[PDB]
Amino acid sequence: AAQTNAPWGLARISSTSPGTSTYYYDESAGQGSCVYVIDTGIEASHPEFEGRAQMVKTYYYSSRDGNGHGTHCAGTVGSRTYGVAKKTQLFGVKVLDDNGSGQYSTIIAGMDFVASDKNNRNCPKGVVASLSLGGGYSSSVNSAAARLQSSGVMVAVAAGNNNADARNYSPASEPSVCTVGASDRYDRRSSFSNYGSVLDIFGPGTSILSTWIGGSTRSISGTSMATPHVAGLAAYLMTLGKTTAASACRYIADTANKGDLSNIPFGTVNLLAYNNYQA
């Protein structure tokens with residue numbers, strides 16, 4: 001299946017070259033899989049989710065995404081027009097306030113929730129978690145994402161927008177989860193994107209058009225925009241039975257466009273998430 005005039009990031013993860021506009025994907029489109037969007041919430045009422053989004057837990061007074069960041073990343077995961085896995089289930093876990101900030105105790109509690117809450121859901125194709133967030137290095141945040149990963153959840157996290165080595169940032173530095181860096185529409189590393197040995201993959205993360213709060217759209221940037229591209233891909237590749245939750249980070253790296261990225265500092269992988277769809 002094809003989506004014409006797609007967002008550049010959608011077209012990128014279906015191409016071996018930048019500059020294209022069509023997103024080529026398998027029609028199953030992540031049906032039967034779930035992606036937990038651990039963020040500021042989701043505006044599930046957005047017509048771009050078609051009722052496939054729902055809030056499952058908040059850590060604040062409302063489950064309303066009064067920020068927009070979470071609705072954006074849920075959109076990049078599985079929105080109709082701006083998403084990778086266009087048929088996936090979306091579960092919102094509001095751990096970030098409407099300012100997009102959140103304490104470590106709340107973020108860890110959110111990952112522990114998803115680890116157990118997934119046993120209440122029907123995700124036959126497997127469970128994915130997209131963690132577009134992160135602060136300074138913490139062993140407690142790192143071990144939480146490892147716990148979530150170990151429990152059978154494909155955990156994808158942002159490398160961080162500090163333009164430094166990601167080793168000093170959590171959950172980015174947790175070795176067992178998929179740390180996602182950001183590139184731009186010209187196959188360069190994003191100006192802001194973190195790097196390092198811990199990074200496992202790069203995703204489209206500069207000028208990402210996706211859903212926003214108020215039924216609108218918005219184009220923003222960040223490794224927080226690249227992470228849902230990879231989370232949606234992993235959910236897509238799991239519906240196809242191409243990989244599993246424990247392997248999906250390795251599979252996506254094994255099948256990524258190697259070497260296309262420029263300005264990748266020495267020691268960081270040079271891989272761009274790629275669904276390898278052949279009509």
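Cut-offs used in this document
Residues numbered from 1 in each chain as written, not as in the entry; some residues may be left out. Heavy atoms only, no water. Disulfide = S-S within 2.5 Å. Helix = DSSP H or I, 4+ residues; strand = E, 2+ residues; numbered from the N terminus. Buried < 20%, exposed > 50% of the residue type's maximum accessible area, 1.4 Å probe, protein only. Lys, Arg positive; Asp, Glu negative; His and termini not counted. Salt bridge = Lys/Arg side-chain N within 4 Å of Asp/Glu carboxyl O. Polar contact = N/O pair within 3.5 Å; in protein donor to acceptor, adjacent residues only side chain to side chain. Contact = heavy atoms within 4.5 Å. Axes fitted to C-alpha atoms, helices over the stretch in contact; angles between N-to-C directions. Left-handed = near helix turned anticlockwise from the far one by under 90°. Nonpolar A, V, L, I, M, F, W, Y, C, P; charged D, E, K, R; others polar. UniProt positions renumbered as here; feature names shortened; annotations may be inferred. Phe/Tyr/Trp six-rings, centres within 6.5 Å; stacked < 30°, edge-to-face > 60°. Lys NZ or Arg CZ within 6 Å of the ring centre and 35° of its normal. Pairing = 2+ DSSP bridges.

Structure determination for this PDB entry is given in the record as electron crystallography, at a resolution of 2.176 Å.

(A) Seen up close, the state of the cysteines. Summed over all chains, the structure comprises two disulfides. Paired by a disulfide, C34 and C123 hold their sulfur atoms 2.0 Å apart. Because the torsion about its S-S bond is -95°, the bridge between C34 and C123 counts as left-handed. Of this pair, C34 sits in strand 3 (residues 33–39) while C123 sits in the loop between helix 3 (104–117) and strand 6 (126–131), and the two are 89 residues apart along the sequence.

(B) Looking closely at the side chain of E43. By the secondary structure assignment, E43 is in the loop between strand 3 and strand 4 (53–58). Buried charged residue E43 carries no salt bridge. Nearest counter-charge: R64, at 4.4 Å. A distance of 2.8 Å separates a polar atom in the side chain of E43 from the backbone nitrogen of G215. Each residue touching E43, except ones within four places of it in the same chain, is listed here: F49, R64, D65, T71, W212, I213, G214 and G215.

(C) Quick peek at the packing of helix 2 (residues 69–78) against helix 5 (residues 223–239). Viewed as axis vectors pointing N to C, helix 2 and helix 5 meet at an angle of 35°, and their least axial separation amounts to 7 Å. Once helix 2 is placed against helix 5, the crossing between them reads as right-handed. Together, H69, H72, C73, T76 and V77 of helix 2 and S224, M225, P228, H229 and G232 of helix 5 make up the contact between the two elements. Here the residues of the contact of helix 2 with helix 5 are counted per class, giving four nonpolar, six polar and no charged.

(D) Expanded view of the UniProt feature "binding site: Ca(2+) 1" in the protein. Here the UniProt feature "binding site: Ca(2+) 1" sits at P175, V177 and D200. Taking the farthest pair of C-alpha atoms as the criterion, the annotated set spanning 26 residues converges on one region, since that pair is 9.0 Å apart. Here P175 shows up in the loop between strand 9 (169–170) and strand 10 (178–183). The exposed category is assigned to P175, whose relative accessible area is 61%.

(E) Spotlight on the packing of aromatic side chains. If you walk through the whole model with that rule in mind, you get two aromatic pairs. On the basis of an interplanar angle of 35° and a centroid distance of 4.9 Å, the ring pair of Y23 and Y25 is categorised as tilted. Both residues of the pair, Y23 and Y25, count as buried. Taking the centre distance of 5.0 Å and the plane angle of 45° together, the rings of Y36 and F91 count as tilted. Of the two residues, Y36 sits in strand 3 while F91 sits in strand 5 (residues 89–94), which places them 55 residues apart along the sequence. With relative accessibility at 0%, the residue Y36 sits in the buried group. Above the ring of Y25, the side-chain terminus of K86 is found at 5.8 Å from the ring centroid. Residue placement shows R121 over the ring face of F91; its charged tip is 5.1 Å from the ring centre.

(F) Looking closely at the side chain of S130. Locating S130 in the fold gives a position in strand 6. Assessed through its relative accessible area of 1%, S130 is described here as buried. Not counting chain neighbours up to four residues away, the residues in contact with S130 comprise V35, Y36, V37, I38, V77, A156, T227, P228 and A231.

(G) Local environment of the pairing of strand 6. The element strand 6 is extensively covered by neighbouring structure, given that six of its six residues are classed as buried. Residues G126, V128 and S130 line one face of strand 6 and the alternating positions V127, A129 and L131 line the opposite face, and both faces are buried. As paired strands, strand 3 and strand 6 are joined by five bridges and run parallel to one another. In the sheet register, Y36 faces strand 6, and the bridge partner there is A129. Alignment of strand 6 against strand 8 (residues 153–158), held across five bridges, turns out to be parallel. The residue of strand 8 that forms the bridge with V127 is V153.

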